[PDB]
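*Asks:* Test case, fold it:
(3 chains, ligands or ions: 10)
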Amino acid sequence: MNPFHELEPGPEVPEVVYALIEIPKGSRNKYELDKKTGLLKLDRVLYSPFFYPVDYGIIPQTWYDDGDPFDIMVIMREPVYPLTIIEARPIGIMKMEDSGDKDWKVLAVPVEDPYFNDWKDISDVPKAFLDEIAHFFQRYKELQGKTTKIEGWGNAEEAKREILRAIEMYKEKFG
Amino acid sequence: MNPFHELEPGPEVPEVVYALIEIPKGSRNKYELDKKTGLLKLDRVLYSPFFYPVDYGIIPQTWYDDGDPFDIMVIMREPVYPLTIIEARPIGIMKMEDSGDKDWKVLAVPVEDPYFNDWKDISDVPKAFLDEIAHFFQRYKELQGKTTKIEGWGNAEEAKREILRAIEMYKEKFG
Amino acid sequence: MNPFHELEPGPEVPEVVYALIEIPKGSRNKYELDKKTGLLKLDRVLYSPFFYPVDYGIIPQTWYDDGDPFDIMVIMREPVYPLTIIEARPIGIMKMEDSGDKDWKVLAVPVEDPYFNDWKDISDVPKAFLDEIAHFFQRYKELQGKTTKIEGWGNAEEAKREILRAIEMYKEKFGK
Ligand SMILES: [Ca+2]
Ligand SMILES: [Ca+2]
Ligand SMILES: [Ca+2]
Ligand SMILES: [Ca+2]
Ligand SMILES: [Ca+2]
Ligand SMILES: [Ca+2]
Ligand SMILES: [Ca+2]
Ligand SMILES: [Ca+2]
Ligand SMILES: [Ca+2]
Ligand code: NA
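*Replies:* Numbers count the residues shown, from 1 in each chain, chains lettered A, B, ... in the order given. Ligands and ions are numbered 1, 2, ... in the order given. The relevant structure is shown in the block below.
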């Protein structure tokens, strides 16, 4: 079965979404969901010795300006395996242009890890952690010759609006 | 393809069963099989710094008193990845009540690891290892406020009888 | 969805194939894709404290003399997870007889790791690394009492010809 096409975007959209993880925190391999088969695929190995600072994946049944599902970053203490579904609370959004495409990314925490119970907005995240995520996306494709721009961070309300936008984009793209 | 519904309980029931592993030994993340989609889901992160002492999963095409497939614990030297099928020999059964529900769990060894060839019954397991498993289930929900009660251990025959019961409970629930 | 039957052998066969990895480098557990159900299965735990020296898997929609899809070994710096697709460039082939069956294995590198951009043929691989792979296959079944023979290595052209053979064997076996 196809997790991208057959799983709803979330159980309580947009307050709680499903994050389908592709890349566990700590990986240098850039795994992606193969949208046609539903299997994991190695898109590439990052060209620099950088690792994903968050569990990285997609919101099911979303689409975005770069021709892929909406990107979601989940803060997990123990990383999950690829293709794991996490119930995630959006708390903010990273504003990124990637190679000329809008490619903003939801920042979210797991609903079912009580460690994060008081993380509800972008102001709850350590500043250095936001900077480390932004810096990763600012530099990780430098050796690929691709231009990226990190514009800053939006709050949970802006993230939730963008989730609704991406959900609608999927419905327009796939009928 | 849903392995819970579409895979038989075992190749030589109840002497050899299939264990579909959800949680590798050493995990604090409580992964589960999503019984509808067949994907792995993060049910929760354990509230305490405890780790699963066994590879933990389900027997396909079983059902149990707590509204879930029959739980199986497989002793693996190297943990397997989530959603791996193991041919497993039941050697005993942990007698547990969980939140008022019977929730006994098969203890089994992999047929195809020769290290365990002489493990055939509950008396073959080091006492401290049985105690460590029981203690995990005695305390792992304490910060969730959910009562568990470990009554003791049954032998391989009692485990095999319970497997047959759980197989019949699935046919009744889903037949 | 059965990856063995429903994934194509590659995007540019035989220059680039898909490797569907079953066993990450470093594993002692011998994971296998079940050919009928598409689920990952533990076939066995290796009887000796050896680990797979390569990411190990199959080329989809192939068939081979041992009654199984064609085995492929991918050199990955960071191992992948079981059931991951890798776009792989064949660079050589290990000539192995296993329990009386021809069971040669493609050696390949990931197209999308620039570390391997200049690895194009068997002469690009450190000799000690080829020896370590051959030695693994020479001894990993010794405690199972199963005879293997490692005859040597073939080059990228021979590997590609054998991939084409295995693709045609699949079509013949499965009526495609
Ligand atoms: Ca993406
Ligand atoms: Ca991007
Ligand atoms: Ca993107
Ligand atoms: Ca269970
Ligand atoms: Ca329970
Ligand atoms: Ca249970
Ligand atoms: Ca094989
Ligand atoms: Ca073989
Ligand atoms: Ca083979
Ligand atoms: Na085999």
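*Asks:* Name the helix or strand for the spatially closest residue to residue A:142 that is not a sequence neighbour, please.
*Replies:* Spatial nearest neighbour of residue A:142, chain neighbours left out: residue A:48 (7.0 Å); criterion: CB to CB, 6 or more residues apart in numbering or on different chains. For every residue, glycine as well, the C-beta is placed using N, CA and C. Following DSSP states H and E, one finds residue A:48 outside all helices and strands.
*Asks:* same thing with residue A:152?
*Replies:* Judged by DSSP H and E, residue A:152 forms part of strand A:148-155.
*Asks:* Quick one: list the elements packing against that strand.
*Replies:* Other elements packing on strand A:148-155 under the criterion 3 or more CB pairs under 8 Å, 6 or more residues apart in numbering or on different chains; DSSP states H and E are strand A:84-98, helix A:127-139.
*Asks:* Contacts for the following helix or strand past it next, please.
*Replies:* Next along the chain after strand A:148-155, taking DSSP H and E as the criterion, comes helix A:156-174. Here helix A:156-174 makes contact (CB atoms under 8 Å, 6 or more residues apart in numbering or on different chains) with A:5, A:9, A:13-15, A:17, A:59, A:61-64, A:69-70, A:90-93, A:104, A:106-108, A:120-122, A:154.
*Asks:* what about 7 Å?
*Replies:* Where contact means CB atoms under 7 Å, 6 or more residues apart in numbering or on different chains, the residues beyond helix A:156-174 that reach it are A:9, A:13-14, A:17, A:59, A:61-64, A:70, A:90-93, A:104, A:106, A:120-122.
*Asks:* quick one: which of the residues you listed sit in strands?
*Replies:* Among those, DSSP state E puts A:17, A:90, A:91, A:92, A:93, A:106 in strands.
*Asks:* Please tell me how far the second one sits from residue A:63.
*Replies:* Separation of residue A:90 from residue A:63 (CB to CB, to the nearest Å): 17 Å.
*Asks:* Of the two, which one has the most company?
*Replies:* For residue A:90 versus residue A:63, neighbours defined as other CB atoms under 10 Å in any protein chain shown are more numerous around residue A:90 (30 against 22).
*Asks:* Outside of stretch A:140-151 itself, list whatever touches it.
*Replies:* Stretch A:140-151 is contacted by residues A:46-48, A:50, A:94-99, A:134, A:137-138 when judged by CB under 7 Å, 6+ apart.
*Asks:* follow-up on the earlier one: deepest in the core, which of the helices and strands packed on strand A:148-155 is it.
*Replies:* Comparing the helices and strands packed on strand A:148-155 by mean neighbour count (mean count of other CB atoms under 10 Å in any protein chain shown), strand A:84-98 ranks first with a mean of 23.
*Asks:* ok, it: who's next to it in the sheet?
*Replies:* For strand A:84-98, the paired strands and their directions (DSSP bridges) read strand A:17-23 (antiparallel), strand A:101-102 (antiparallel), strand A:105-110 (antiparallel), strand A:148-155 (antiparallel), strand B:40-45 (parallel).
*Asks:* does any part of that strand sit near ligand 1?
*Replies:* No. Using CB under 5 Å from the ion, strand A:84-98 stays clear of ligand 1, with a minimum separation of 10.0 Å.
*Asks:* At the contact with ligand 2, which residues of chain A appear?
*Replies:* Counting by CB under 5 Å from the ion, chain A sits next to ligand 2 at A:98, A:103.
*Asks:* Who does the closest residue to ligand 2 within chain A form a beta bridge with?
*Replies:* In chain A, the residue that lies nearest ligand 2 is residue A:98 (3.9 Å; CB to the ion). Bridge pairing for residue A:98 (DSSP bridges) gives the partners residue A:101, residue A:148.
*Asks:* Look up how far residue A:147 lies from it.
*Replies:* Where residue A:147 is concerned, residue A:98 sits at a distance of 8 Å (CB to CB).
*Asks:* For residue A:31, give me its contacts.
*Replies:* Shown in contact with residue A:31 (CB under 7 Å, 6+ apart): A:22, A:23, A:40, A:41, A:42, A:43, A:82, C:84.
*Asks:* Residue A:155: how many residues sit nearby?
*Replies:* Neighbours of residue A:155 using other CB under 10 Å come to 14.
*Asks:* right, and it touches residue A:121 too?
*Replies:* Yes. Under the criterion of CB atoms under 7 Å, residue A:155 makes contact with residue A:121 at 5.6 Å.
*Asks:* and the most centrally placed residue in chain A, what helix or strand is that in?
*Replies:* Of all residues in chain A, the one closest to the mean position by CA atoms, centre = their mean is residue A:72, 1.6 Å from it. Using DSSP H and E, residue A:72 sits in strand A:71-74.
*Asks:* Run the chain-centre distance for that strand.
*Replies:* Distance of strand A:71-74 from the chain centroid (CA atoms, centre = their mean, to the nearest Å) equals 2 Å.
*Asks:* how about that strand, does it reach chain B?
*Replies:* No. Using CB under 7 Å from any CB of the partner chain, strand A:71-74 stays clear of chain B, coming no nearer than 9.3 Å.
*Asks:* which residues touch that strand?
*Replies:* Residues from elsewhere that reach strand A:71-74, judged by CB under 7 Å, 6+ apart: A:19, A:21, A:54-59, A:86, A:88, A:103, A:105-108, A:110, A:133.
*Asks:* Sheet-wise, list the partners of that strand with their directions.
*Replies:* Strand pairing for strand A:71-74, determined by DSSP bridges: strand A:55-58 (antiparallel), strand A:105-110 (parallel).
*Asks:* Out of those, indicate the one that is most buried.
*Replies:* Greatest average neighbour count among the strands paired with strand A:71-74 goes to strand A:55-58 (a mean of 27), per mean count of other CB under 10 Å.
*Asks:* For that strand, what is the distance to the chain centroid?
*Replies:* In terms of CA atoms, centre = their mean, the centre of strand A:55-58 is found 4 Å from the chain centre.
*Asks:* For residue A:29, give its distance to ligand 6.
*Replies:* 34 Å (CB to the ion, to the nearest Å).
*Asks:* Look up how far ligand 9 lies from that residue.
*Replies:* Distance from residue A:29 to ligand 9, by CB to the ion: 25 Å.
*Asks:* what's the span of stretch A:109-128 from first residue to last?
*Replies:* Start-to-end span of stretch A:109-128 (CA to CA, to the nearest Å) is 17 Å.
*Asks:* tell me which residues in stretch A:18-27 are buried?
*Replies:* Neighbour counts using 16 or more other CB atoms under 10 Å in any protein chain shown place A:18, A:19, A:20, A:21, A:22, A:23, A:24, A:25, A:27 of stretch A:18-27 among the buried residues.
*Asks:* what about it and ligand 3, any contact?
*Replies:* No. Using CB under 5 Å from the ion, stretch A:18-27 never reaches ligand 3; the gap is at least 10.9 Å.
*Asks:* neighbours of the residue nearest to residue A:47 when sequence neighbours are not counted, just the number please.
*Replies:* What sits nearest to residue A:47 in space, not counting adjacent residues and going by CB to CB, 6+ apart, is residue A:143, at 3.8 Å. Neighbours of residue A:143 under the rule other CB under 10 Å: 11.
*Asks:* cool, and residue A:150?
*Replies:* 18.
*Asks:* Distance check, it against ligand 4.
*Replies:* With CB to the ion as the criterion, residue A:150 and ligand 4 are 42 Å apart.
*Asks:* And for that residue, nearest residue in space, chain neighbours not counted?
*Replies:* Closest residue to residue A:150 apart from its sequence neighbours, by CB to CB, 6+ apart: residue A:134 at 4.6 Å.
*Asks:* got it, and residue A:51?
*Replies:* Nearest one to residue A:51, counting by CB to CB, 6+ apart, is residue A:26 at 5.1 Å.
*Asks:* Does that neighbour lie in a helix or a strand, and which?
*Replies:* Residue A:26 belongs to no helix or strand, assigned by DSSP H and E.
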